[PDB]
Amino acid sequence: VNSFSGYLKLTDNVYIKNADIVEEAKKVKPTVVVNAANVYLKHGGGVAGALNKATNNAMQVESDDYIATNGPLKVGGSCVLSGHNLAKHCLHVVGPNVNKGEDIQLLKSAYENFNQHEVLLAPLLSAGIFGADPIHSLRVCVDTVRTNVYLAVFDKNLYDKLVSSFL
Ligand SMILES: Nc1c2c(nc3ncnn13)CCC2
């Protein structure tokens, strides 16, 4: 049994809800919240920017030190950093950004990072300002992630379309 509430059921392991991931993280304090990161861990806009704002920029400070030591992530890669006031840990995952011309086949590699964690609160990778089709992102999620994932979808209209169209 876990703390996640109101999540709609998709498969054995994937659950979905219309929610603000910041507000959901603040309520649940999950072991892992996933950030929709870029390779530079520059959290200016999108989920990364909303999560970072909710940490009062502490996520960005920690991320800048990580990059100064380790260099950029790979597209499709991830790192585990603090969850600050939102979660125990934040898994920063880099999905391909279609608005930068990145290979969408890297989306499966991105979701494979989730399998290293038994339970996660996450957004749909490569959706929103990353430019991918969220229906496609949900399909790759369900077909890739084997661990228990609780997906938060910010837009109510999109949530309803994702549920209604789910095979
Ligand atoms: N959960 C959010 C928030 C914001 N912008 C977003 N863009 C995608 N998701 N997302 C600002 C308020 C919270």
# chains A, B, ... in the order shown; residues from 1 in each chain; ligands from 1
$ residues_near_ligand --ligand "ligand 1" --cutoff "8 Å" --atoms "only C-alpha atoms and all ligand atoms" --output "list in words"
residues 19, 20, 21, 22, 23, 45, 46, 47, 49, 50, 51, 123, 128, 129, 153, 154 and 155 of chain A
$ write_last_selection --atoms "N, CA and C atoms" --output "PDB file, in the first residue's frame"
ATOM      1  N   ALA A  19      -2.945  16.417 -12.201  1.00  0.00           N
ATOM      2  CA  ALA A  19      -2.413  17.077 -10.986  1.00  0.00           C
ATOM      3  C   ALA A  19      -1.168  17.925 -11.261  1.00  0.00           C
ATOM      4  N   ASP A  20      -0.891  18.847 -10.341  1.00  0.00           N
ATOM      5  CA  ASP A  20       0.367  19.636 -10.368  1.00  0.00           C
ATOM      6  C   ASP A  20       1.369  18.748  -9.647  1.00  0.00           C
ATOM      7  N   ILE A  21       2.433  18.328 -10.338  1.00  0.00           N
ATOM      8  CA  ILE A  21       3.474  17.457  -9.740  1.00  0.00           C
ATOM      9  C   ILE A  21       4.101  18.156  -8.525  1.00  0.00           C
ATOM     10  N   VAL A  22       4.258  19.477  -8.562  1.00  0.00           N
ATOM     11  CA  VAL A  22       4.779  20.202  -7.375  1.00  0.00           C
ATOM     12  C   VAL A  22       3.810  19.948  -6.218  1.00  0.00           C
ATOM     13  N   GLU A  23       2.511  20.159  -6.446  1.00  0.00           N
ATOM     14  CA  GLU A  23       1.540  20.037  -5.329  1.00  0.00           C
ATOM     15  C   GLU A  23       1.452  18.571  -4.932  1.00  0.00           C
ATOM     16  N   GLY A  45      12.370  26.784 -17.293  1.00  0.00           N
ATOM     17  CA  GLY A  45      10.942  26.665 -17.645  1.00  0.00           C
ATOM     18  C   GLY A  45      10.486  25.227 -17.576  1.00  0.00           C
ATOM     19  N   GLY A  46       9.215  24.951 -17.878  1.00  0.00           N
ATOM     20  CA  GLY A  46       8.673  23.584 -17.828  1.00  0.00           C
ATOM     21  C   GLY A  46       8.595  22.988 -16.424  1.00  0.00           C
ATOM     22  N   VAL A  47       8.492  21.663 -16.345  1.00  0.00           N
ATOM     23  CA  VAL A  47       8.425  20.948 -15.033  1.00  0.00           C
ATOM     24  C   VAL A  47       9.685  21.275 -14.233  1.00  0.00           C
ATOM     25  N   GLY A  49      11.530  23.939 -14.294  1.00  0.00           N
ATOM     26  CA  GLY A  49      11.380  25.287 -13.722  1.00  0.00           C
ATOM     27  C   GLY A  49      10.355  25.327 -12.591  1.00  0.00           C
ATOM     28  N   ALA A  50       9.209  24.642 -12.714  1.00  0.00           N
ATOM     29  CA  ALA A  50       8.210  24.625 -11.629  1.00  0.00           C
ATOM     30  C   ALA A  50       8.766  23.901 -10.406  1.00  0.00           C
ATOM     31  N   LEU A  51       9.385  22.740 -10.585  1.00  0.00           N
ATOM     32  CA  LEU A  51      10.002  22.020  -9.438  1.00  0.00           C
ATOM     33  C   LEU A  51      11.060  22.907  -8.803  1.00  0.00           C
ATOM     34  N   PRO A 123       6.365  13.071 -14.462  1.00  0.00           N
ATOM     35  CA  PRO A 123       5.642  13.626 -15.593  1.00  0.00           C
ATOM     36  C   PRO A 123       5.863  12.718 -16.794  1.00  0.00           C
ATOM     37  N   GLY A 128       4.931  18.399 -23.158  1.00  0.00           N
ATOM     38  CA  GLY A 128       4.978  19.844 -22.908  1.00  0.00           C
ATOM     39  C   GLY A 128       5.972  20.507 -23.807  1.00  0.00           C
ATOM     40  N   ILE A 129       6.799  21.391 -23.258  1.00  0.00           N
ATOM     41  CA  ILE A 129       7.735  22.204 -24.060  1.00  0.00           C
ATOM     42  C   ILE A 129       8.850  21.359 -24.680  1.00  0.00           C
ATOM     43  N   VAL A 153      -0.323  14.644 -14.747  1.00  0.00           N
ATOM     44  CA  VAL A 153      -0.556  15.407 -15.989  1.00  0.00           C
ATOM     45  C   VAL A 153      -1.194  16.727 -15.582  1.00  0.00           C
ATOM     46  N   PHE A 154      -0.460  17.816 -15.888  1.00  0.00           N
ATOM     47  CA  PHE A 154      -0.776  19.224 -15.536  1.00  0.00           C
ATOM     48  C   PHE A 154      -2.080  19.705 -16.187  1.00  0.00           C
ATOM     49  N   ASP A 155      -2.259  19.452 -17.489  1.00  0.00           N
ATOM     50  CA  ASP A 155      -3.416  19.937 -18.296  1.00  0.00           C
ATOM     51  C   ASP A 155      -4.598  18.967 -18.212  1.00  0.00           C
TER      52      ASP A 155
END
$ select_by_dssp --residues "chain A" --states "strand (DSSP E or B)" --output "JSON, numbers by chain"
{"A": [8, 9, 14, 15, 16, 17, 18, 32, 33, 34, 35, 36, 78, 79, 80, 81, 82, 89, 90, 91, 92, 93, 119, 120, 121, 122, 148, 149, 150, 151, 152, 153]}
$ residues_around --residues "residue A:64" --least-positions-apart "5" --cutoff "10 Å" --atoms "only C-alpha atoms" --output "ChimeraX atom specification"
/A:40-42,58-59,69-71
$ closest_atom_pairs --of "stretch 51-81 of chain A" --to "stretch 27-32 of chain A" --cutoff "12 Å" --atoms "only C-alpha atoms" --output "CSV"
residue,atom,partner,partner_atom,distance
A:79,CA,A:32,CA,11.8
A:80,CA,A:32,CA,9.0
A:81,CA,A:32,CA,9.8
$ residues_around --residues "residue A:162" --least-positions-apart "6" --cutoff "9 Å" --atoms "only C-alpha atoms" --output "ChimeraX atom specification"
/A:134-135,138
$ write_last_selection --atoms "N, CA, C and O atoms" --output "CSV table (one decimal), in the first residue's frame"
chain,number,residue,atom,x,y,z
A,134,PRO,N,2.3,13.6,-26.3
A,134,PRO,CA,2.1,13.0,-25.0
A,134,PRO,C,1.5,11.6,-25.1
A,134,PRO,O,1.7,10.8,-24.2
A,135,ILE,N,0.6,11.4,-26.1
A,135,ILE,CA,0.0,10.0,-26.3
A,135,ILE,C,1.1,9.0,-26.5
A,135,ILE,O,1.1,7.9,-26.0
A,138,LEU,N,3.1,8.4,-23.3
A,138,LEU,CA,2.4,7.5,-22.4
A,138,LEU,C,2.6,6.0,-22.9
A,138,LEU,O,2.8,5.1,-22.1
$ closest_residue --among "A:3, A:105, A:115, A:78" --to "residue A:142" --atoms "only C-alpha atoms"
A:115
$ residues_around --residues "residue A:145" --least-positions-apart "3" --cutoff "12 Å" --atoms "only C-alpha atoms" --output "VMD selection string"
chain A and resid 11 to 15 107 to 120 122 124 to 125 137 to 142 148 to 151
$ write_last_selection --atoms "C-alpha atoms" --output "compact mmCIF listing (two decimals), in the first residue's frame"
# COMPACT_ATOMS: atom_id res chain seq x y z
CA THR A 11 -1.91 -1.15 -16.16
CA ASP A 12 -0.47 -3.48 -13.51
CA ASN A 13 2.19 -0.82 -12.73
CA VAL A 14 1.20 2.55 -14.28
CA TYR A 15 -1.23 5.02 -12.73
CA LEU A 107 12.50 8.31 -25.32
CA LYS A 108 12.58 4.57 -24.50
CA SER A 109 16.15 4.91 -23.13
CA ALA A 110 14.96 7.87 -21.00
CA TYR A 111 12.09 5.82 -19.47
CA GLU A 112 14.45 2.89 -18.76
CA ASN A 113 15.95 5.04 -15.96
CA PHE A 114 12.68 4.69 -14.06
CA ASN A 115 13.28 0.91 -13.70
CA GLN A 116 16.10 1.63 -11.18
CA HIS A 117 13.46 2.87 -8.68
CA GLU A 118 10.64 0.78 -7.22
CA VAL A 119 8.12 3.66 -7.00
CA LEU A 120 8.18 7.12 -8.68
CA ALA A 122 6.73 11.46 -12.67
CA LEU A 124 5.33 12.30 -19.10
CA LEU A 125 8.84 12.52 -20.57
CA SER A 137 5.10 9.31 -24.40
CA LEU A 138 2.43 7.46 -22.38
CA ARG A 139 2.63 4.44 -24.72
CA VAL A 140 6.45 4.27 -24.37
CA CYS A 141 6.10 4.66 -20.58
CA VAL A 142 3.68 1.73 -20.29
CA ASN A 148 5.40 1.44 -10.15
CA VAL A 149 4.94 4.86 -11.72
CA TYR A 150 2.42 7.53 -10.75
CA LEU A 151 2.08 9.99 -13.63
$ atom_distance --atom1 "atom CA of residue A:35" --atom2 "atom CA of residue A:166"
23.5 Å
$ select_by_dssp --residues "stretch 111-154 of chain A" --states "alpha helix (DSSP H)" --output "list in words"
residues 111, 112, 134, 135, 136, 137, 138, 139, 140, 141, 142, 143 and 144 of chain A
$ write_last_selection --atoms "C-alpha atoms" --output "tab-separated table (two decimals), in the first residue's frame"
chain	number	residue	atom	x	y	z
A	111	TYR	CA	12.09	5.82	-19.47
A	112	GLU	CA	14.45	2.89	-18.76
A	134	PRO	CA	2.12	12.99	-25.03
A	135	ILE	CA	0.02	10.02	-26.28
A	136	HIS	CA	3.25	8.51	-27.65
A	137	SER	CA	5.10	9.31	-24.40
A	138	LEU	CA	2.43	7.46	-22.38
A	139	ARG	CA	2.63	4.44	-24.72
A	140	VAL	CA	6.45	4.27	-24.37
A	141	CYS	CA	6.10	4.66	-20.58
A	142	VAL	CA	3.68	1.73	-20.29
A	143	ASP	CA	5.76	-0.43	-22.63
A	144	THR	CA	9.12	0.38	-20.92
$ closest_residue --among "A:97, A:18, A:82, A:63" --to "residue A:157" --atoms "only C-alpha atoms"
A:18
$ residues_around --residues "residue A:17" --least-positions-apart "3" --cutoff "6 Å" --atoms "only C-alpha atoms" --output "PDB file with C-alpha atoms, in the first residue's frame"
ATOM      1  CA  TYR A   7      -4.749   8.167  -9.418  1.00  0.00           C
ATOM      2  CA  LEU A   8      -6.657   6.555 -12.274  1.00  0.00           C
ATOM      3  CA  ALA A 152       0.952  13.592 -12.986  1.00  0.00           C
TER       4      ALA A 152
END
$ closest_residue --among "A:165, A:2, A:126, A:52" --to "residue A:103" --atoms "only C-alpha atoms"
A:126
